[PDB]
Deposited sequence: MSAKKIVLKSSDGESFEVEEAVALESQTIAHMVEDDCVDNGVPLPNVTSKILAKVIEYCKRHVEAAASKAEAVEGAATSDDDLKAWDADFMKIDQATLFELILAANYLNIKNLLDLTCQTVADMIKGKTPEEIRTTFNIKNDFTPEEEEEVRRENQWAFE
């Protein structure tokens, strides 16, 4: 399999786009994708101890390459990062600007009041 730069094995049926170039996934990310597919055999939280930037590139790769299992774990991780955080801490972690007016923000609060926690 080709990188964006320039790397081949039999585990490759795990990606459903594959089922030989891959121009949208970089060499660093492809090495990690292959690593995940090898481990998923017949005889994980650790693999997911990476920086935020690499995580988002891996989500992008898992989507593009159509690896259902990889997209799930990788997206579940992001959800776990959101959990237990105030709106300001969510913003900080993910570098989000607050685009709400105070009135919109009050509308969101008033709506949230209609569900039990």
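Unmodelled regions (deposited sequence positions with no C-alpha coordinates, counted from 1) are 1 to 7, 14 to 17, 31 to 41, 66 to 86.
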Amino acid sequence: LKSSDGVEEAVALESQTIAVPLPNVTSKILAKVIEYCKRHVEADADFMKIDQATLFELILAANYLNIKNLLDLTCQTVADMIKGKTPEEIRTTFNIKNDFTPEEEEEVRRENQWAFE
From here on, numbers count along this sequence of modelled residues.
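Compared with other deposited structures of the same protein, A115 does not meet the criterion of being unmodelled in at least one third, since all of those that resolve residues on both sides include it. Coverage remark for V20: absent from the model in at least one third of the other entries compared whose chains are built on both sides. Taking the PDB entry as given, 20 to 28 carries the higher mean Cα B factor of the two stretches 20 to 28 and 93 to 101.
The mean Cα B-factor in the deposited entry runs higher for 33 to 41 than for the other of 62 to 70 and 33 to 41.
Remark: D80 belongs to the lowest third of its chain, ranked by C-alpha B-factor as recorded.
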